[PDB]
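Novice:
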Amino acid sequence: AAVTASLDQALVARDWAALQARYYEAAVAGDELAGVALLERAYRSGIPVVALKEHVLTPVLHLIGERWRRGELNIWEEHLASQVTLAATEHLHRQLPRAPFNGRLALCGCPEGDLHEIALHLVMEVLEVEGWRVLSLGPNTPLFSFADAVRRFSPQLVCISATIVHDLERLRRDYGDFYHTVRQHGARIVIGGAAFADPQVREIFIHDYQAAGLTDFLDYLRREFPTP
Ligand code: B12
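Heads up: the sequence shown begins at 7 in the authors' numbering, then just goes up one per residue.
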């Protein structure tokens, strides 16, 4: 009750710091329902889902990582935060209206060795809201699996989230065949994630667009893939 009044005060004030703190606590405790309810309440106060993703979920998860690294959190608490985040976004995603099917398919995944996939999930939701069909190969996906999927389904778009790249040599070797396949089937490549801050990683992953976040990604989709 006292916590509710504080939370509504924060929602009326659009106080992102307060909202992040409340969400952080629910996430690291693994309290899915508190996370679900908080995110829905925040949405119904007039905050779009993308804004919640960019200015609540992302900052919180970044901070969690920093605290884990210093040993203030254990690794499983990051996992808890992931579960709560997945649950909270899915809840909202299942209940909110989507643009009608636009006749397009997006192939999504993360590279081999990377198990980070929340960003990918956020992106895939955004695509579906925009009317895309999405096929996820999930995290830790070899480029030949991407290539197979392209050969079978001929997607218009390939999205890659990369947080860590463990094997620079392997990806350097594999990328040629993958890229040639993409181009043969007329797909575009969009990349995003922390790993692409490394100039060498970015150079390997030949792309049509590199996204900073969901907002500019959406701007790309709207320019390059107009709504029918
Ligand atoms: C949660 C977490 C985990 C979870 C992942 C669970 C899951 N996803 O199912 C678990 C516990 C498995 C994990 C494991 C590990 N992780 Co970890 N993890 C994190 C954390 C907190 C991720 C938070 C997150 O998902 N943020 C949400 C997203 C949305 O933010 P984002 O990535 O910035 O994405 C935004 C943009 O980049 C963009 N974007 C991103 N991708 C894409 C793609 C497209 C197509 C588009 C358009 C846009 C886009 O849009 C997003 C929204 O704005 C980070 C901390 C961090 N991020 O700084 C550490 C972090 C990534 N992990 C780290 C490490 C070290 C590990 C481990 C090695 C730890 C260990 N010893 O066990 C392992 C390695 C696992 C592996 N093989 O990859 C380090 C990486 C350091 C480095 N640079 O090399 C980090 C940075 C923590 C730290 N501060 O040290 N991790």
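Using N, Cα and C, we set each Cβ at its ideal position, and we do this for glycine too.
Quick check: does the Cβ of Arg-229 come within less than 7 Å of any heavy atom belonging to the ligand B12?
Specialist: Here residue 229 is taken as the residue at index 223 of the sequence shown, counted from 1. Every heavy atom of the ligand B12 is 7 Å or more from the Cβ of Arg-229, so no.
Novice: Does the beta-carbon of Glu-131 have 16 or more other beta-carbons within 10 angstroms, so that it is buried, or is it exposed?
Specialist: Counting from one through the sequence shown, the residue named residue 131 turns up at place 125. So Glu-131 ends up on the buried side.
Novice: Would you grab the beta carbon distance between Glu-60 and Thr-221 for me? Rounded to a whole angstrom, and I think it's under 8 Å.
Specialist: Numbered from 1 along the sequence shown, position 54 holds the residue referred to as residue 60. Numbered from 1 along the sequence shown, position 215 holds the residue referred to as residue 221. About 7 Å separates the two Cβ atoms, so the contact holds.
Novice: So what's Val-171 in DSSP terms, helix, strand or just coil?
Specialist: Mapped onto the sequence shown, residue 171 falls at position 165. DSSP places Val-171 in coil when its eight states are reduced to three.
Novice: Can you determine whether any heavy atom of the ligand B12 sits closer than 7 Å to the C-beta of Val-129, and answer yes or no?
Specialist: Working through the sequence shown from its first residue, we reach residue 129 at position 123. Taking 7 Å as the cut-off, the C-beta of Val-129 counts as close to a heavy atom of the ligand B12.
Novice: Can you tell me whether DSSP reads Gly-71 as helix, strand or coil?
Specialist: As a first step, residue 71 must be located in the sequence shown, where it is residue number 65. Annotated three-state conformation of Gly-71 is helix, per DSSP.
Novice: Please give the ranges of any alpha helix (DSSP H) in the stretch 123 to 180, keeping only runs that are unbroken, at least 4 residues long and fully inside the region.
Specialist: List check, alpha helix (DSSP H) in window: 124 to 135 and 149 to 159.
Novice: Would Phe-211 and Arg-110 qualify as a contact pair, given that the criterion is a beta-carbon distance under 8 Å?
Specialist: Mapped onto the sequence shown, residue 211 falls at position 205. Mapped onto the sequence shown, residue 110 falls at position 104. Going by C-beta atoms, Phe-211 is not nearer than 8 Å to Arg-110.
Novice: Excluding the 5 residues preceding and the 5 following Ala-40 in the sequence, name in chain order all residues of the same chain whose CB lies nearer than 6 Å to its CB.
Specialist: Counting from one through the sequence shown, the residue named residue 40 turns up at place 34. Excluding positions up to five away in sequence, the list reads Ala-32.
Novice: So, for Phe-159: in the same chain, excluding its five sequence neighbours on each side, which residues have a beta-carbon less than 8 Å away from its beta-carbon?
Specialist: Counting from one through the sequence shown, the residue named residue 159 turns up at place 153. Cβ neighbours of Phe-159 beyond the five flanking positions: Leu-111, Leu-113 and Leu-141.
Novice: Hey, which unbroken runs of the alpha helix (DSSP H) at 4 residues or more fall wholly within the stretch 14 to 99?
Specialist: 22 to 34, 38 to 50, 55 to 58 and 64 to 75
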